[PDB]
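Single-structure report; data block below.
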Amino acid sequence: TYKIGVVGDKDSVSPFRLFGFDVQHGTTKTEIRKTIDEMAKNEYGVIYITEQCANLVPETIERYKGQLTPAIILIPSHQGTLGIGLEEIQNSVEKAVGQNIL
Amino acid sequence: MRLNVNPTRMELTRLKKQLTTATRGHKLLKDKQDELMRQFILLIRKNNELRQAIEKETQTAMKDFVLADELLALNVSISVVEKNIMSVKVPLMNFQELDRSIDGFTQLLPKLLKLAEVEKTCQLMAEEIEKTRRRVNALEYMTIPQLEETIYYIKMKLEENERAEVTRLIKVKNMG
Amino acid sequence: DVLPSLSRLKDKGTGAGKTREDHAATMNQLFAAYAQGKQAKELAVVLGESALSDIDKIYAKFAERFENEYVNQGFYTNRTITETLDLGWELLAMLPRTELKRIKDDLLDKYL
Amino acid sequence: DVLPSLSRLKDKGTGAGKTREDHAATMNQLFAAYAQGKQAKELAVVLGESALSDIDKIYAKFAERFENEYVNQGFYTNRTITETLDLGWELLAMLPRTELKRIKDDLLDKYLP
Amino acid sequence: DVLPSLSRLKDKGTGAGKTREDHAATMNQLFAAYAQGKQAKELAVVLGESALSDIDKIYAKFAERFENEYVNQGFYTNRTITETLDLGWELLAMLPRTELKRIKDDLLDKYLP
Amino acid sequence: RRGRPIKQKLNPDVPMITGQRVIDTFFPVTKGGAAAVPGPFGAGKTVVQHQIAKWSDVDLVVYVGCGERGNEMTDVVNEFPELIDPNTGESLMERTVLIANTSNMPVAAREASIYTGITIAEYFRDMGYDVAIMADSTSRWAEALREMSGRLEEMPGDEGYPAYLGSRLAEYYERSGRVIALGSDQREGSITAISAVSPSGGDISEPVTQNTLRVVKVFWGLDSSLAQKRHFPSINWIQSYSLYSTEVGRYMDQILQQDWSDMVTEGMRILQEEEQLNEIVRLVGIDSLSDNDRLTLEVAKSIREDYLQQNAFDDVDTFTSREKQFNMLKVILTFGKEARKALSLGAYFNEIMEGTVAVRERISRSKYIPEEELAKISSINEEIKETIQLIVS
Ligand SMILES: Nc1ncnc2c1ncn2[C@@H]1O[C@H](COP(=O)(O)OP(=O)(O)NP(=O)(O)O)[C@@H](O)[C@H]1O
Ligand SMILES: [Mg+2]
């Protein structure tokens, strides 16, 4: 049984608080990665993170792709996406296949 | 570039066996790489439509809430069973005025989790593809060539030695 | 090791009237199934338990039994040609009829 | 295969008065393009189409026409040095002028189709 | 390169009253860890660190520290045997107690940090 | 066949200036030193030797064409009287002696040609001069020995060479060096020996190469792979070495009053790291690399293309002065450092590349910058420091 962590702007991500999700509010590169690496230390299952927040920390994020857990999942803000989640799927498919196959 | 081995008859036989093994292993590693790839394509398509759908919906939920206090001060954790796809270890994830905006979030959770699961599985699937590619490649472009080049070298050397011996034996004989 | 071993005049000494009618066909089949079994074994190591077909797992077990029971008779065990032939059939019986492609159905129905 | 191939003495037999003034520059350029083209093909095989820049693809296509149209002439076709050089210029037109760095502007102006 | 190197007269010349009572145990232990660590380090260069086990990753880091710190001292560095044996332990401490099969429990209790 | 006697040998500790960046920088030969260039056909041994004969700062050059092509000796007799030192107006021919015994010339006379040259070089060395003797190629010399060995019916050594091959080679290389000459002046002189070795298949485990490497301190190892890629001189920077590197480094620091030896070391460190990284890029592709790793490849590429590669037939690329080499290497190494710092502050590889197209192009053209205006190479440093620093925003 693993925990859920959410990283994003106060406005967009606060309602996740109602489910008992450890919602955290980092805003600089230092805060996000510092807040992720502990979440991995406490065997979190999934960490949801905003795309705007995610864009600050590609180095810390790619460090866990190969791990079974935690799953790091990119979500929009209230403002939307930068296209990263969909581009990461885009990159991974062209890498595996020689696509685009979608 | 040839390997650092001594040109003996036994070494030649070793490398020749090691090479037949290497060749067969390379084909089997290519076969897997291709299997994982077509299994990957199915799942990555699932991931993509899923991510497009849950991006559009989480976005609306978030926008509603914002357009609507520490009323959010008052638990759900998840369960991870483990399964196997081909040979890859993969996660199985199960749950364990403004009221309209709060509800929309409740309806996202199931789709967010499935995504978490499908995205991870794809991620793990993709990594294992790279892992197999690197082995295939290390075999095709380094190991097999080195074996092949060392084998040809030792054949040649063993041949020069045999020639050297007959030269010396002819001279020895003729001390008479 | 059967694979690199060879008799160049075996045909002149086998079959109906000399051993039994099923001699050659079974030899050819055991030879192939053992080759296939050893390949299946390798596959097991390289791609893992899971990539193995159920038909493949059988060949694996066949090559194992073939070395351990057929080839491994002991230095003091004298087998008649008929026992040998019967043991081969017994070993071939692990496989589906669908796999014994190098034997006429005529012989499959007579010896199992 | 022009890559392992080499003539060591070649400049004593080319240039104005001998072949044409464009000779050495086209040679350095076609060679470089073909080498880069071939390296791109090598990349596509190992890692797939996707690993290539749009520019790599152009170069990869360059290599292929070079092989099929320039090198491959048939064993009964005689090409005068003029016909050869001119054909060199045509394959060069495939590439952005900005790419043709081994050739100076004066030649590019007179010959580049 | 310590692996192919040898001394045939090391037993009667080392130990309690000559160097220290842990000379031969640590010496043997270090060789075991180095030979294995060196094989693991080289795989990792070929197949990536990910192609290595959890503990072979440790053995590989050990072979780096062993080469870079222990064997590499410089041509103007004179280490007392006591400095050398003590450094040997600091490397061996990188490894889990279970790995150190070449050393008796009596000795581990006493020297291992 | 008898060495000219001397008072004593001295350490060869002053570097020769070849004007070849890869040689003077990473694999220097000192005056009175010995270097071998073993390499496969078409790699560039004859060209390296011609370059040195043309540019090195010795007093006199002795060129032995031993068992090689006729055209090459012809090339020197025509090209050298036309190659004019502008400071003094004398041609290279006024400081050159040529000995020629080509491959279809009498074979025995290959051995003769080597001894004639070395003896002549000893003689000028005795007068107080700095002499360089180039042997192209010592392998033809060894073949002459084997052929005579066969007629003599001797018992073969390695690969049919006679047993005395190793000592014949060692005897000749020991006739070179820095010396105090005989006479009351106690004047000093030197012979620097540069020999081509031409191994079958390019295999350097061959006895001629192996025996040579035993007595010479500099190894210029030519790579057929580099030559095919048109990377000349095709000196393989991983396998090559100069055992004069440490001493030449000390000497350069002092004459330049600069940390040259450190720059060289950093350059070799960079090139060594690229070989570790390219092993991965072949396997998995450039995409797998971290930004740090990405940059190392780009800096290494700069050393290779902007610095290591030198066109011997280009009027300006053909010789690079000591000062110019220091300047070109500074620029290349500077860009590396500045980016490394930019990466650690928070900038990414791709924004550093794009932001520096123009200054990188400037760096790649330094090799063509005229010797009278080295300041244009120098100003690249401030351009590097400023353009990267803007990007850091
Ligand atoms: N430093 C250089 N700069 C530019 N081009 C070069 C250089 N070195 C060699 N080349 C080119 O490559 C060719 C080979 O040089 P060459 O001196 O013939 O090498 P080699 O090793 O002496 N050949 P061989 O005598 O047959 O073993 C020359 O014809 C040039 O085309
Ligand atoms: Mg030559």
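Here the Cβ is made from the backbone with ideal geometry for all residues, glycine too, and neighbour counts use every protein chain on show. Throughout, read-outs are computed from the coordinates displayed, never taken from laboratory work.
Each residue of the range F:70-83 was assigned a 3J(HN,Hα) from its phi angle through the Karplus curve 6.51 cos²θ - 1.76 cosθ + 1.60 (θ = phi - 60°); the sequence is x, 4, 6, 6, 4, 5, 4, 4, 7, 6, 5, x, 9, 9 Hz, with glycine and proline shown as x.
Working note: Karplus 6.51/-1.76/1.60 with θ = phi - 60° gives the range B:80-87 the couplings 10, 7, 10, 10, 10, 10, 6, 10 Hz, where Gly and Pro are set to x.
When only DSSP loop residues count, what GluC sites (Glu not before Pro) in the range F:81-113 have their Cβ near at most 14 other Cβ atoms within 10 Å?
Numbers: sites: F:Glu82, F:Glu90, F:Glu94, F:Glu111; in loops: F:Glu90.
Here the GluC sites (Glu not before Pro) that fit, given the DSSP loop and packing criteria, are F:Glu90.
Springs join every pair of Cα atoms under 10 Å in this Gaussian network model of chain F, and among F:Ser288, F:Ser240, F:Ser113 the largest mean-square fluctuation is at F:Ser288. Across the cross-link table entries F:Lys45/F:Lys217; C:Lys18/C:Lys110; E:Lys38/E:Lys101; F:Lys45/F:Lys330, which are compared at the Cα atoms, the separations over 20 Å belong to F:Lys45/F:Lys330.
Springs between Cα atoms under 10 Å define the GNM used for chain F, and in it the highest mean-square fluctuation of F:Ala375, F:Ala112, F:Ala312 occurs at F:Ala375. Build a GNM of chain F with springs between Cα atoms under 10 Å apart, and of F:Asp287, F:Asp158, F:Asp314 the one that fluctuates most is F:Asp287.
Here the spin labels are modelled as points 7 Å beyond Cα on the Cα-Cβ line, and at F:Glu279 and E:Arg65 they lie 2.2 nm apart.
Here the calculated FRET efficiency for F:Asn104 and F:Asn381, from their Cβ-Cβ distance with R0 = 45 Å, stands at 0.25, rounded to the nearest 0.05. Taking trypsin sites (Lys or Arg not before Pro) across the range C:23-112, the ones in a DSSP loop with at most 13 further Cβ atoms lying within 10 angstrom of their Cβ are C:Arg79, C:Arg97, C:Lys101, C:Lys104.
When the helices of chain F are scored as -39500 (n - 2.57) per DSSP H run of n ≥ 4 and the total is divided over every residue, the value at 222 nm lands at -14500 deg cm²/dmol. What net charge do the residues around A:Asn100 carry, taking every other residue with its C-beta under 10 Å from that of A:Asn100, with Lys and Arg at +1 and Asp and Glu at -1? With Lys, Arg at +1 and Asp, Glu at -1, the net is -2. Charge tally around A:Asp37: other residues with Cβ under 13 Å, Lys/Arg +1 each, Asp/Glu -1 each, net +1. Think of the range F:243-393 as a dipole: +1 on every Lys or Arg Cβ, -1 on every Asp or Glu Cβ, centred on the Cα centre; then among F:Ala300, F:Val248, F:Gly285, F:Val248 lies furthest on the positive end. Taking a point 7 Å out from the Cα of C:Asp54 in the direction of its Cβ, none of the residues of the range C:13-42 has a backbone N less than 11 Å from it.
Along the charge dipole of the range F:1-242, pointing to its positive end and built from +1/-1 on Cβ of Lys, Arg, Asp and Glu, which listed residue (F:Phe124, F:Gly177, F:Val197) has its Cα farthest out? In the range F:1-242, that residue is F:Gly177.
Cross-link reach is defined here as a Cα-Cα straight distance under 14 Å, omitting same-chain residues fewer than 8 places apart; for F:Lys229 the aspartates and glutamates meeting it are D:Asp1, F:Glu305. With the simple model of a label 7 Å out from the Cα in the direction of the Cβ, C:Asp106 to D:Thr77 spans 6.1 nm.
Which of C:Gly15, C:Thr80, C:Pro96 sits closest to the plus end of the dipole of chain C, meaning its Cα is farthest towards the positive end, when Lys and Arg get +1 and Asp and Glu get -1 on the C-beta? My answer, from the dipole projection, is C:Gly15.
Looking at the range A:10-49, which GluC sites (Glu not before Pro) are DSSP coil and have at most 12 other C-beta atoms within 10 Å of their C-beta? Each step should come with its number before you reach the end.
Details: sites: A:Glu31, A:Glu38, A:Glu43; in loops: A:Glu43.
Loop-located and lightly packed - A:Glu43.
Tally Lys and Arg at +1 and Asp and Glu at -1 over the other residues with C-beta under 11 Å from the C-beta of F:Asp259: what net charge comes out?
Details: positive: F:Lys330; negative: F:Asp253, F:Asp262, F:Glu266.
Local net charge: -2.
Placing a pseudo-label 7 Å from each Cα along the Cα-to-Cβ vector at C:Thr80 and F:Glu174 gives an inter-label distance of 8.6 nm.
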